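Below: one structure, written as structure tokens.
Note that these values count all heavy atoms, side chains included, but never hydrogens, waters or copies made by symmetry. To find a chain, count down the sequence lines: A is the first, B the second, and so on, and within it residues start at 1.
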Amino acid sequence: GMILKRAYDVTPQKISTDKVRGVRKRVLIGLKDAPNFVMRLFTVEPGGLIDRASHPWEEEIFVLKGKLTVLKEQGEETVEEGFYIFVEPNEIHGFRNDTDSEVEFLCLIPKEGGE
Amino acid sequence: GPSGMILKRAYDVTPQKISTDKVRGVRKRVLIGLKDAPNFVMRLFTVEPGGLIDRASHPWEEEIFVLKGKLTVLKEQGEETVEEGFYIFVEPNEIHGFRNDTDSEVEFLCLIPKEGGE
Ligand SMILES: [Cu+2]
Ligand SMILES: [Cu+2]
Ligand SMILES: [Cu+2]
């Protein structure tokens, strides 16, 4: 009834699609465990990109490492470690890493969005 | 609901001192709270040196990510200390608590379904 684990030890999944490149995703608390919302840890390699998209659920993010470029419906904004982000349902968003080192952020979504 | 995206330095949020029968030496920042969240809330807890969130249980789950320091986790049986970069999943009704046995502040993110408050 209590899981305690080092996030780094969760095997990351490489994501490479027409919309996502240079990203790896760790599912920390996924559908097997979560009654309501899931916890993922994304690592964005230098030059990695999560292109703009939207979805019917909200997203809650905490920036763990580095300088994250946040794509908005209009323009972009760069945030750093120690920022949180709340993405309303349906809001256009994406992410890019313009720096020379890896960026990490924690991403939580309601379980309807999958893990 | 509303549109948009909030992007904010967590330390810009005004902490609240927590003091209850079972909690001493703790402050909390509500990052994404009831006034905005459709489903679950995001808090940043700071445990001062010596601070204690004593063993308890509640009828919602908790999801934690340790941001800073060495967090002692109190379990139904015994305890375990974890560090920055660990996550914790606490099932509904599972006994849990936390202590800071170190001389510097420990920080962790804590998310709960909004039915449990903020
Ligand atoms: Cu149990
Ligand atoms: Cu998204
Ligand atoms: Cu609790």
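B:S104 OG to B:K68 NZ: the interatomic distance, rounded to the nearest 0.5 Å, is 6.5 Å. The distance from atom CG of B:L34 to atom NZ of B:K114, rounded to the nearest 0.5 Å, is 7.0 Å. Between the CE atom of B:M5 and the CD1 atom of A:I85 there is a distance of 6.5 Å, given to the nearest 0.5 Å. Between A:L64 atom CG and A:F83 atom CZ the span is 14.0 Å, to the nearest 0.5 Å. Atom OG1 in A:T43 sits 11.5 Å away from atom CD in A:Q13 (nearest 0.5 Å). Atom CZ in A:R6 sits 6.0 Å away from atom CG in A:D9 (nearest 0.5 Å).
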Inset, instruction - Using the side chain to side chain contact (heavy atoms under 4.5 Å, CB included) rule, take B:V47 and B:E105 through it: C-alpha gap first, then chi angles, then the decisive distance, then the call. - result: CA-CA 6 Å; B:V47 188; B:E105 293 194 328; over 6 Å; no
Inset, instruction - Show your reasoning for whether salt bridge (charged side-chain N to carboxylate O under 4.0 Å, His left out) applies to A:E115 and A:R40. - result: CA-CA 7 Å; A:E115 56 197 354; A:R40 304 91 63 74; over 6 Å; no
Inset, instruction - Evaluate the criterion side chain to side chain contact (heavy atoms under 4.5 Å, CB included) for residue pair A:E60 and B:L111; output intermediate values, then yes/no. - result: CA-CA 10 Å; A:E60 305 193 9; B:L111 303 99; 3.7 Å; yes
Legend entry - Intermediate values then yes/no, side chain to side chain contact (heavy atoms under 4.5 Å, CB included), A:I3 and A:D33: CA-CA 9 Å; A:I3 291 161; A:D33 293 309; 3.7 Å; yes
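A search for side chain to side chain donor-acceptor pair (under 3.5 Å) contacts involving A:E59 returns A:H55, A:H93, not counting sequence neighbours. Under the side chain to side chain contact (heavy atoms under 4.5 Å, CB included) criterion, B:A10 pairs with A:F62, A:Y84, B:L31, B:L44, not counting sequence neighbours. Evaluation of the salt bridge (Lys or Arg N to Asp or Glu O under 4.0 Å) rule for A:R24 yields A:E45 as partners, not counting sequence neighbours. Partners of B:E61 by side chain to side chain donor-acceptor pair (under 3.5 Å), not counting sequence neighbours, listed by chain and number: A:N36. In this structure, the ring-ring contact (aromatic ring centres under 6.0 Å, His included) partners of A:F105, at least two apart in sequence or on a different chain, are A:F42, A:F95.
Checking side-chain atoms of B:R55 against main-chain N and O of B:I95 turns up no donor-acceptor pair under 3.5 Å. A donor-acceptor contact shorter than 3.5 Å is absent between the side chain of A:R96 and the backbone of A:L49.
Taking all atoms of both residues into account, the shortest heavy-atom contact from A:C107 to A:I61 is SG-CG1, 4.0 Å. In terms of heavy-atom proximity, A:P110 sits nearest to A:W57 at CG-CB, 3.5 Å.
Contact annotation: the side chain of A:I29 never approaches that of A:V38 to less than 4.5 Å [non-hydrogen atoms, C-beta and beyond]. Considering only heavy atoms from C-beta on, B:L109 comes within 4.5 Å of A:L106 through its side chain. At least one side-chain heavy atom of A:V27 sits less than 4.5 Å from a side-chain heavy atom of A:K25. No side-chain heavy atom of B:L71 sits less than 4.5 Å from a side-chain heavy atom of B:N100. By the 4.5 Å heavy-atom criterion applied to side chains, A:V70 and A:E76 are not counted as neighbours.
Two different hydrophobic clusters hold A:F86 and B:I112 under the rule that ILVMFWY side chains link at heavy-atom gaps under 4.5 Å. Residues B:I6 and B:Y11 do not share a hydrophobic cluster, clusters being chains of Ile/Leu/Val/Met/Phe/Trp/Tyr side chains in contact below 4.5 Å.
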